[PDB]
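# Topology and contacts: notes
Single-letter residue listing:
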Number of protein chains: 2
Amino acid sequence: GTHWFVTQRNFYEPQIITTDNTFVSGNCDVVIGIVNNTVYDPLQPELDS
Amino acid sequence: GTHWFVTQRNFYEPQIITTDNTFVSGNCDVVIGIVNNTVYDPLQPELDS
Ligand SMILES: *[C@@H]1O[C@H](CO)[C@@H](O)[C@H](O)[C@H]1NC(C)=O
Ligand SMILES: *[C@@H]1O[C@H](CO)[C@@H](O)[C@H](O)[C@H]1NC(C)=O
Ligand SMILES: *[C@@H]1O[C@H](CO)[C@@H](O)[C@H](O)[C@H]1NC(C)=O
């Protein structure tokens, strides 16, 4: 309703949208119905130790 | 002709060969027809920067 998750199609198991749950292909002007949100990189938070 | 890419088998959508599109198993000794190239590591630019 407010947040976006990625889930398997046959069972609602919401997951945080990461760069390892998704793949990048193209630009943000060709997909009809695309939305804005943040893709969490699992590596940025821990590289700054 | 000069570069090496990895595509999906049914549609020509070339991508740069990285450590995300490929998996390692073995060495350059047993595979008949293996070709030298470079495998881009996404971790290096982010770690060096
Ligand atoms: C948000 O989406 C709009 C269109 O839906 C787009 O023009 C814009 O670049 C996106 N990102 C931001 C930060 O507004
Ligand atoms: C092969 O790789 C890319 C095609 O995306 C291009 O920069 C390069 O010039 C190509 N070389 C050819 C077609 O001989
Ligand atoms: C390039 O491939 C040849 C065989 O085709 C191999 O002998 C050589 O060691 C390879 N280059 C490197 C740097 O390993």
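Residues numbered from 1 in each chain as written, not as in the entry; some residues may be left out. Chains lettered and ligands numbered in written order. Part of a larger assembly, values for the part shown. Heavy atoms only, no water.

Moving on, we get to the overall build of chain A. The secondary structure content of chain A amounts to one helix and two strands. Overall, chain A shows an N-to-C arrangement of helices and strands of β-β-α. With respect to the principal axes defined by its C-alpha atoms, chain A has extents near 40 × 30 × 20 Å. Within chain A, the fraction of its 49 residues that count as buried is 4%. The contacts in chain A between residues at least 6 apart in sequence include a share of 13% that link residues at least 24 apart. (Helix = DSSP H or I, 4+ residues; strand = E, 2+ residues; numbered from the N terminus. Buried < 20%, exposed > 50% of the residue type's maximum accessible area, 1.4 Å probe, protein only. Contact = heavy atoms within 4.5 Å.)

Residues and elements named next belong to chain B. The calculated volume of the largest pocket comes to roughly 1,200 Å³. Class assignment of the residues belonging to the lining of the largest pocket gives a composition of 12 nonpolar, 14 polar and three charged. Within this model, the second largest pocket holds a volume of roughly 620 Å³. Along the wall of the second largest pocket there are 18 residues; nearest its centre are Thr 22, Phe 23, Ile 34, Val 35 and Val 39. Looking at the lining of the second largest pocket, its residues break down into nine nonpolar, nine polar and no charged. (1 Å grid on protein atoms, 1.4 Å probe; cavity = no way out; pocket = protein on both sides within 12 Å on 5 of 7 lines; lining within 4 Å. Points joined across faces, edges and corners; volume = space filled by probe spheres on them. Nonpolar A, V, L, I, M, F, W, Y, C, P; charged D, E, K, R; others polar.)

Another point: a nonpolar patch on the surface. Residues and elements named next belong to chain B. On the surface, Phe 5, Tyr 12, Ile 16 and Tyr 40 cluster together to form a nonpolar patch covering roughly 490 Å² of accessible area. Along the chain, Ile 16 falls in strand β2 (residues 15–16). Classification of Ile 16 by relative accessible area gives exposed; the value is 59%. (Patch = residues over 30% accessible without salt bridge, like charges linked within 9 Å, V, L, I, M, F, W, Y side chains within 5 Å. Areas by Shrake-Rupley, 256 points an atom, 1.4 Å probe, with all protein chains shown as cover. Salt bridge = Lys/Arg side-chain N within 4 Å of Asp/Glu carboxyl O.)

Residue and element names in this part refer to chain A. Relative to the assigned elements, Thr 18 resides in the loop between β2 (15–16) and α1 (44–47). Within the structure, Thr 18 has its side chain in polar contact with the backbone nitrogen of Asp 20 (distance 2.9 Å). If near-sequence neighbours (up to four positions away) are discounted, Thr 18 is found in contact with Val 39, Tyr 40 and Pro 42. (Polar contact = N/O pair within 3.5 Å; in protein donor to acceptor, adjacent residues only side chain to side chain.)

Nothing here speaks to function; it is geometry throughout.
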